[PDB]
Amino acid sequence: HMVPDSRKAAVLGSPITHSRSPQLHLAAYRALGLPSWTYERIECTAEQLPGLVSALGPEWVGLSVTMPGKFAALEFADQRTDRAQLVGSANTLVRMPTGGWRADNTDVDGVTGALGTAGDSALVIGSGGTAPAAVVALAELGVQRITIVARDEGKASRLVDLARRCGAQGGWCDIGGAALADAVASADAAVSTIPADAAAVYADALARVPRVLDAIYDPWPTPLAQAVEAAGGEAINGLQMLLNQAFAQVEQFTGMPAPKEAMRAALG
């Protein structure tokens, strides 16, 4: 009954059925020659997360964390990356060689990896819970200006503040207002964080942004993507954010380069 040792990982959150993390990680571990590592789903509230992680034994190598637990994960960890602190939340907990848990935010990699570059002037469409990672990612892509295109000036102002704390210029553009055309005319890229049916209202107005990362991937192409493509631009969907989020977790958990083709085969 001599067998190789193995490690345990999981995704924590609630609801926990939509996450693709188990699929992408098991596809990676099998490609990396670690077929006995396990990756489970654990339903977990923000309030439950610290007690849950605190009790895990040394065989637990890493956790992915999704809503509603990302703030709690950052607070729980005894070490955190600078970019997780800057985003203000963590979607990743990695066991350290000598026992601690390190928090990171690879949602940032989702956007930097999916987009590649965002040029000099980038838009974030929306002001909801995924917008902070988009802002920090755009700043990490070296954009000079981040414009928050959203309806709620209050939620937008907090993202403008974050853009500036990241070193970029920032400002707000009312999605429903007269200033949108000028924001689009000078934009090099956009990240759209809102649902497809909400973005469809503004698809023609956003069509001229040359490169658009749409967080939505089902159905595809979205109305937004269709307009961008009809205008000669490039539309990228949210599966590429999920892919690039996962690359970084797999590398941190296994210490091996991400098996990218194997993970692409599991993407959907």
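All residue numbers are counted from 1 along the displayed sequence.
Novice: Test of understanding: from the entry's C-alpha B-factors, which stretch has the higher mean, 259-267 or 1-9?
Specialist: Result of the comparison: 1-9.
Novice: Looking at the entry, does 145-153 or 171-179 show the higher mean C-alpha B-factor?
Specialist: Between 145-153 and 171-179, it is 171-179.
Novice: Of the options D188, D109, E140, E75, which has the highest CA B factor as deposited?
Specialist: So the option with the highest C-alpha B-factor is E75.
Novice: For the CA B factor values reported in this entry, which option in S192, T92, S89, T98 has the top one?
Specialist: That would be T98.
Novice: Thinking about Cα B factors across the chain, which third does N105 belong to?
Specialist: Within its chain, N105 is a lowest-third residue by C-alpha B-factor, going by the deposited values.
Novice: Would you check the entry's CA temperature factor for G128 and let me know if it's in the chain's lowest, middle or highest third?
Specialist: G128: CA B-factor falls in the highest third of its chain.
Novice: Using only modelled residues of the chain, where does the Cα B factor of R211 rank: lowest third, middle third or highest third?
Specialist: Within its chain, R211 is a middle-third residue by C-alpha B-factor, going by the deposited values.
Novice: Within this chain's modelled residues, let me know which third the CA B factor of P58 belongs to: lowest, middle or highest.
Specialist: Answer is highest: the recorded C-alpha B-factor places it there.
Novice: Determine, from the deposited record, the chain-internal third of the Cα B-factor for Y39: lowest, middle or highest.
Specialist: It belongs to the middle third of the chain when residues are ordered by C-alpha B-factor.
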